[PDB]
């Protein structure tokens, strides 16, 4: 919806931990895009977590997810890497830096892949990345 980005922005603004941000991002991306989603965040070694998938989502390839994060490039539907899977693997990027990934598995892939929807989803991932960037840089400072 028209107001969802603004509403998510308010919810992200008060997130206090990466988990808060991940939960908020999943809530909003799941409702606005009629999808199940999972945010993956790098650990101390730059390895994405969780390695498990939630009930209701199709398992994705963990190594291709790691590739997406490492290269800051999308994979899955809409790309030439795993073009046939029923989900998207999207980097959460601010500038050239990737702070995490979101895996998005829509109830209706043709609906998610409508270009206007893709452009909206890109804006959502930017706002999520900004929140992750803020929390990571603040934690490091402190």
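Numbering follows the first chain given and starts at 1.
- In this entry, 133 to 141 shows the higher mean Cα temperature factor of the pair 4 to 12 and 133 to 141.
- The question of which stretch, 108 to 116 or 89 to 97, has the higher mean Cα B factor is settled in favour of 89 to 97.
- In the PDB entry, the Cα temperature factor peaks, among 51, 73, 82, 57, at 51.
- When the C-alpha B-factors of 68, 31, 37, 45 are read from the PDB record, the largest value belongs to 45.
- Compared with the other modelled residues of the chain, the Cα B-factor recorded for residue 24 ranks in the middle third.
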